[PDB]
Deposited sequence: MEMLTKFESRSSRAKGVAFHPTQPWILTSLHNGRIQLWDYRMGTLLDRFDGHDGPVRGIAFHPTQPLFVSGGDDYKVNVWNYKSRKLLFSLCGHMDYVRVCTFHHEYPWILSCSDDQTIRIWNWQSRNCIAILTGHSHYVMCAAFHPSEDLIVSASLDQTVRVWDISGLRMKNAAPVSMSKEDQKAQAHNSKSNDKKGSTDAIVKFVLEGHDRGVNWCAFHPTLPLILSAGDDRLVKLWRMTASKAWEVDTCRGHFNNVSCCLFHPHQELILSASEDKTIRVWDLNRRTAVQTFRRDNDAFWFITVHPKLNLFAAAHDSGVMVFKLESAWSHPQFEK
């Protein structure tokens, strides 16, 4: 395959990117603590947001509200209104770096996870922490809401990927369902497929693992092998039978979903990759690396 680059920012190290679901925008969260709002069709910086000290790793839009959330090495989870351009409030409680923060698509919840070994669920209407999910024994590097079930998946440097049942909180509140074992070093990332009962995880063992889950059990399907440094991030292609991963080996790698064979490697000469994401609807991807962010489409070779 080939990468058709649509937009590139040059900046200090970028840690997170989030696509707006309807506007042609991305937020970027930087190692210097600043958050940029870019229009990738015009190539214009629309706004900058400064509300953190130190790197900002978590960044996400609400799917329908004029809000985004950011999470920092200053332990803060900040909720912003991008229409009024205000920091509405800070959610305090984590006692170490926040690694990821996201909005739920239906409930008024924010999910965050932290080096303090916990996942927190907050209600952004009440501004209260409604659940602290404990059990991991090292940094929690990633957590994600399931798209249609009352589940969370999390990834930790304790070498496990945990699936948590939060049906109780929806209606004790949260119970661990699976403690997925298989990675031989810390796990940095985990993702759900948007429509299939699959999970992807990636870690310092250089492995991307594909897992399948039913209502009552789970199993490792297969492993994508080839990265030669820590894997920072992984995701499912939403509309193609493909897996994508990004790594400190300075590559983004595309893999076949059904065989886990390598399809294509894209390299940068000097930049480690820290994060990749995909637009919910469009064939549009973004990657954050040592020198900034790129927005790109993926096309078959010789198209």
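- Gaps in the model, given as deposited-sequence positions counted from residue 1: No coordinates exist for the deposited residues in 172 to 199, 332 to 337, so these stretches are absent from the model.
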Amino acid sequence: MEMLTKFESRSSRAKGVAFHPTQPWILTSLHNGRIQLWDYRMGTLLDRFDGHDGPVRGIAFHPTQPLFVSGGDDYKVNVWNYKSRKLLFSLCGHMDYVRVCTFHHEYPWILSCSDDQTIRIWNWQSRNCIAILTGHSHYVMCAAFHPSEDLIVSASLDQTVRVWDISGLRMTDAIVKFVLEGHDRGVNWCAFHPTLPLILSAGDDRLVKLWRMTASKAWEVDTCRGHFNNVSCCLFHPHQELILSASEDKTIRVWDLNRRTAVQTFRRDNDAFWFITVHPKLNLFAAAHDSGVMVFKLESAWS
From here on, numbers count along this sequence of modelled residues.
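- Select between 241 to 249 and 256 to 264 the stretch whose C-alpha atoms have the higher average B-factor in the entry. 256 to 264 has the higher mean C-alpha B-factor.
- Task: Averaging only over Cα atoms, indicate whether 172 to 180 or 217 to 225 has the higher B-factor in the PDB entry.
- Result: Comparing 172 to 180 with 217 to 225, the higher average CA B-factor belongs to 172 to 180.
- Task: Name the one of 27, 45, 69, 234 with the greatest CA B-factor according to the PDB entry.
- Result: Spelled out: the listed residue with the top C-alpha B-factor is 45.
- Going by the entry, which of 144, 129, 202, 198 has the most elevated CA B factor? Across 144, 129, 202, 198, the entry lists the biggest C-alpha B-factor for 129.
- Query: So where's residue 85 on the chain's Cα temperature factor ranking, which third?
  - Reply: Ranked within chain, residue 85 CA B lands in the highest tercile.
- Query: What third of the chain, by the recorded C-alpha B-factor, contains residue 206?
  - Reply: As the PDB entry reports it, the C-alpha B-factor of residue 206 lands in the lowest third of its chain.
- Third of chain Cα B-factors occupied by residue 62: It belongs to the middle third of the chain when residues are ordered by C-alpha B-factor.
- In terms of the chain's CA B-factor thirds, is residue 138 lowest, middle or highest? It belongs to the middle third of the chain when residues are ordered by C-alpha B-factor.
- Message: How does the C-alpha B factor of residue 21 compare with the rest of the chain: lowest, middle or highest third?
- Response: It falls in the top third of the chain.
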